[PDB]
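**Student:**
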Amino acid sequence: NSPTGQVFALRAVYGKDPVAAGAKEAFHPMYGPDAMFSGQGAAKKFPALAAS
Amino acid sequence: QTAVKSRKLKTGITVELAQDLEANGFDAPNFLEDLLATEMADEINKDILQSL
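The listed protein sequences correspond, in order, to chains V and B. So the first sequence is numbered by the entry's author numbering: it starts at 118 and just counts up by one. So the second sequence is numbered by the entry's author numbering: it starts at 167 and just counts up by one.
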């Protein structure tokens, strides 16, 4: 009903800051849920895999 | 004895400007006729207050 309309988005992300770079979306249809964040993953810290 | 004189004004718009004015909040046809009325009414003052 007016030129130049808009549309919003509702990305849901974990992490302390929901705007910091590298944040992973929670309910991503492709990406799986990080099924340790709510549990054991919160207590300890699993090292990240890389090469070598 | 005096002979009457003429005062003329003309602004015009474009349909695109008129279309958004209703969307933007105003009432385009009524507003424009009020634009001419105010200036012409004001333009009379400059012909009277500057004639005295």
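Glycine included, C-beta positions come from ideal geometry on N, C-alpha and C.
Could you tell me whether any Cβ in chain V is nearer than 7 Å to the Cβ of residue 189 of chain B?
**Tutor:** Answer yes: the Cβ-Cβ gap between residue 189 of chain B and chain V drops below 7 Å somewhere.
**Student:** Under the three-state reduction of DSSP, which class applies to residue 181 of chain B: helix, strand or coil?
**Tutor:** If DSSP states are grouped into helix, strand and coil, residue 181 of chain B belongs with the helices.
**Student:** Pairs of beta-carbons, one from the segment 195-205 of chain B and one from the segment 168-182 of chain B, closer than 8 Å: are there three or more?
**Tutor:** Yes, the segment 195-205 of chain B is in contact with the segment 168-182 of chain B.
**Student:** Give the straight-line distance between the Cα atoms of residue 128 of chain V and residue 165 of chain V, rounded to the nearest whole angstrom.
**Tutor:** Taking the straight line from one Cα to the other gives about 24 Å.
**Student:** At which residues does the alpha helix (DSSP H) containing residue 204 of chain B begin and terminate?
**Tutor:** Residues 194-214.
**Student:** Would you say residue 155 of chain V faces chain B, with C-beta separation under 7 Å as the test?
**Tutor:** Judged by the 7 Å Cβ criterion, residue 155 of chain V is not in contact with chain B.
**Student:** What is the rounded straight-line gap between the Cα of residue 198 of chain B and the Cα of residue 187 of chain B?
**Tutor:** Near 11 Å, if we compare the C-alpha coordinates of residue 187 of chain B and residue 198 of chain B.
**Student:** Just reading off the alpha helix (DSSP H) that residue 158 of chain V is part of, what are its end residues?
**Tutor:** Here the alpha helix (DSSP H) through residue 158 of chain V covers 157-160.
**Student:** Return the residue from the list B:206, B:207, B:184 that minimises the CA-CA distance to residue 196 of chain B.
**Tutor:** Comparing Cα positions, the closest option is B:184.
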